[PDB]
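Sequence lines, in order, name chains Z and H.
Using my numbering, you'd call the opening residue of the first sequence number 1235 and step up by one each time.
Using my numbering, you'd call the opening residue of the second sequence number 6 and step up by one each time.
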Amino acid sequence: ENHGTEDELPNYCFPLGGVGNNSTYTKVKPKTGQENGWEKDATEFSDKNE
Amino acid sequence: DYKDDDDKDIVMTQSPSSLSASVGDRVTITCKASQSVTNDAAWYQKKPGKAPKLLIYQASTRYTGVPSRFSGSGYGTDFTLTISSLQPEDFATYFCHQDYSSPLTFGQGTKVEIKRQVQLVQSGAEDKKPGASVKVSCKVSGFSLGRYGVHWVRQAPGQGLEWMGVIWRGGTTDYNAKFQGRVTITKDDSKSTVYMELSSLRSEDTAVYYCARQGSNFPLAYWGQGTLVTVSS
């Protein structure tokens, strides 16, 4: 009795960590006197940010 | 150090205050800042009544049409402005400046004296009595106010340059909190104008009031004609 099946919504599988693969970022902070000036932030924050 | 000092004023102290010079002379001016501003420091030349002209930016780079005889040097807190071999055109009054952090600041303004397309048009001059309020205009042309924030500067008679405020490209205002928040900057995208409205007027506010604009992200370079506001007791 071939009546097909519910298939209305896509089903998905994801990494153990949720997110999956990532890249390394340095922080930056803005120069306040400029409209578009930035300066690295290596103060209390890590240089290897995920 | 791996901390900057937050909520502390950036004071540009320019020495020596005056200089006296003759035809073909080598000239040197030095500026000492309160705190580090890194490589971002700007040098200006100003005629008495007329708005500044940009010389040096990034402590060594020349603007478009700046002669070969002007040059800058220095880093961190100390910066120097040198004229290789001076001529009568160069006898004006000069300004140290930093665009590194907003509140933007200028120095005291030194005096070199003899030895014996983008447009900003302001409103007409005027005067009023102490304990009132004034509104000055700056009609803009040759650029969109959404793309570039607009500053306000003023010079009290024969004193330094006092930065009043700025309205940044999104419509965010930013003021020199030293003056108690007397300043209010507005703008109209539809008749492309920026407005400066000042309140609780006193004799110490008698000044020429200047419209100004930055580059992409480099020091102030496009200026109004100035509006003389007089206040007498």
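The beta-carbon is built from N, C-alpha and C at its ideal position, and this holds for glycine as well.
- Residues of the region 221–232 of chain H whose Cβ lies closer than 8 Å to any Cβ of chain Z, in chain order: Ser221, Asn222, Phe223.
- Around the beta carbon of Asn1283(Z), fewer than 16 other beta carbons sit within 10 angstroms, so the residue counts as exposed.
- Taking 8 Å as the threshold, the shortest C-beta distance from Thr1258(Z) to chain H does not fall below it.
- Contact with chain H is absent for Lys1261(Z), since none of that chain's Cβ atoms lies less than 8 Å from the residue's Cβ.
- In the DSSP assignment, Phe84(H) falls within the beta strand (DSSP E) that extends over 83–88.
- Chain H has no Cβ within less than 8 Å of the Cβ of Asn1283(Z).
- As a beta-bridge residue in DSSP terms, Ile61(H) pairs with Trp48(H), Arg67(H).
- Taking 8 Å as the cut-off, the beta carbon of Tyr99(H) is found closer than this to the beta carbon of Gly114(H).
- At a cut-off of 8 Å between beta-carbon atoms, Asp11(H) makes no contact with chain Z.
- With a cutoff of 8 Å on beta-carbon distance, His102(H) and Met17(H) are scored as near each other.
- As summarised for the region 125–187 of chain H, the continuous beta strand (DSSP E) elements at least 3 residues long and confined to that stretch are 131–133, 138–146, 155–160, 166–172, 178–180, given in chain order.
- Residues of the region 1266–1283 of chain Z whose Cβ lies closer than 7 Å to any Cβ of chain H, in chain order: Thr1266, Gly1267, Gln1268, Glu1269, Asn1270, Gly1271, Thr1277.
- The beta carbon of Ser41(H) sits closer than 7 Å to the beta carbons of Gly81, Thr82 from its chain, once the five residues preceding and following it are set aside; these are given in chain order.
- Comparing C-alpha distances from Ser195(H) to each of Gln219(H), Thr177(H), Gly151(H) shows the shortest one belongs to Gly151(H).
- Per DSSP, reduced to three states, the secondary structure at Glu1235(Z) is coil, with no helix or strand assignment.
- Within chain Z, no residue has its CB atom less than 7 Å from the CB of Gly147(H), the nearest being about 18 Å off.
- Annotated three-state conformation of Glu202(H) is strand, per DSSP.
- By the beta-carbon neighbour count (other beta carbons within 10 angstroms, threshold 16), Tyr1246(Z) is exposed.
- Exclusion of the five residues before and after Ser106(H) leaves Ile15, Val42 as the residues of its chain whose Cβ lies within less than 8 Å of its Cβ.
- At a cut-off of 8 Å between beta carbons, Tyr68(H) makes no contact with chain Z.
- In the assembly as shown, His156(H) is a buried residue. Its beta-carbon has 16 or more other beta-carbons within 10 Å.
- Setting aside the 5 residues that flank it on each side, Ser208(H) is surrounded in the same chain by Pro135, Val236, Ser237, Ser238, each with a C-beta closer than 8 Å to its C-beta; the list follows chain order.
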